[PDB]
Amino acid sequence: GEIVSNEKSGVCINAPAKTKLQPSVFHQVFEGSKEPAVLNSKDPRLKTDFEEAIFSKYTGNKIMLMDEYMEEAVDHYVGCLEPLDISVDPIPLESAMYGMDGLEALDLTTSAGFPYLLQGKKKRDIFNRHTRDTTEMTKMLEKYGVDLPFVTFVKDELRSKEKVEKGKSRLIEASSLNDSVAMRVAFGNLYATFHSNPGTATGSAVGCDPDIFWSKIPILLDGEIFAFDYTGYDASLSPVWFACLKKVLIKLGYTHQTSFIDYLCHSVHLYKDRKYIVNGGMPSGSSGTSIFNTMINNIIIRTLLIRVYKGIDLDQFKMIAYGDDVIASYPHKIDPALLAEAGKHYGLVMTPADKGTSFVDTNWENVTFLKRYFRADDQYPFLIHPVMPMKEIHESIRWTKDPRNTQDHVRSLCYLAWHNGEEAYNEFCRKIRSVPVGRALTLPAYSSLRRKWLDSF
């Protein structure tokens, strides 16, 4: 990803200077070091230029036409997807807006994007989940069209003290409501297929249920495990990776809808009173960002494997990925340090899994996926617990954007926490009930959460 242009947009995007994250009632109870991310360049916590930091993710492009490894990697991934029988047909407008089998309704809580945010117009002024009306969206598609700019927001989230000082805040590139809906029309059936088929054919975990799907993961990835980290994955994508993705879509039957992939690769963005064009890089908050980044990751690993290892047999290779996060398997040991050496040739920055200093071996006890660990059950060791560290749950419970939502928040964290055991769950359930706001909530018991968990298999 490279910013090839920066011009005067003609409009102004005014984002708020103050974060919505306020310390919660549990700010003192539990310990934590994360603070709200830097949103403006005048934040006293800064220790370097804000706009230099947030845009430095664009490290440049490796301009190249698809090499032979990419072509073979593309074919193999197409071969894995062939039995899924993906329909390139478009889904009706009502389903793209309000949902169908395997596709949740479009999220109404986020920005409608350009130009609606400049008109005091929100998604609920066009969308109406109760009536499921489409006439307003049809008129809006007719009036403002497609291939509209993205709106760059600083992501208002918790970050480490280190990333607060270095200004490493993340960005949301919010698609126009027109382009999200139109893209969901073009690729909706593919989204549904992926969401309903997490595994090693899709190589995807998007739309999965960790409670259910964690047990299938070690069965699918039944060989020598390896994993690694990406630094700035989305923005590091060169256009050639978008070309591979296009060739995958073409082999599945897509024709005119590959234009949406061009729309993500060569993208227009609005930030403040600026209008900048990025050559390459995946936008953060486009519809289908997760899946297309997941499909591109399938192409990347395969490409690197063929390039590094001489007589690799991709039909013995298996992987599951969610955006940049990937867990992979091969019968013989694969060293990610050698793969990273090849990924730098393509502009990819691959580093040891989970911020480690060294490249050490990956096993079913240290490996994580979607921040969660793998721990088998004691009574049913064939059932694998997805274990979110209590650390992440403490960092999260300590802040809130809406103290009215404390109940939903805490119980959401209870669905994640009880996988750490009876000891951790009740310690965390006891510390919550240690303040007046706590015991007023409804906290499920360890035995009850377990009851529904095992009833699902």
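Numbers for residues come from their place in the sequence shown, where the first is 1.
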Residue stretch of maximal mean CA temperature factor, 403-411 vs 51-59: 403-411
Output the stretch having the higher mean C-alpha B factor in the entry; the candidates are 138-146 and 308-316. 308-316
Using only the C-alpha B-factors in the record, can you name which of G285, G79, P92, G323 has the highest? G285
Candidate residues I397, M66, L46, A37, the one whose C-alpha B factor the record puts highest: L46
When the modelled residues of the chain are sorted by Cα temperature factor, does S24 land in the lowest, middle or highest third? middle
By the entry's values, the third containing the CA B factor of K333 is the highest
How does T368 rank on Cα B-factor within its chain, lowest, middle or highest third? middle
Third assignment of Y380 from its chain's C-alpha B-factors: highest
Within-chain third of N197 by Cα B-factor, per the entry: middle
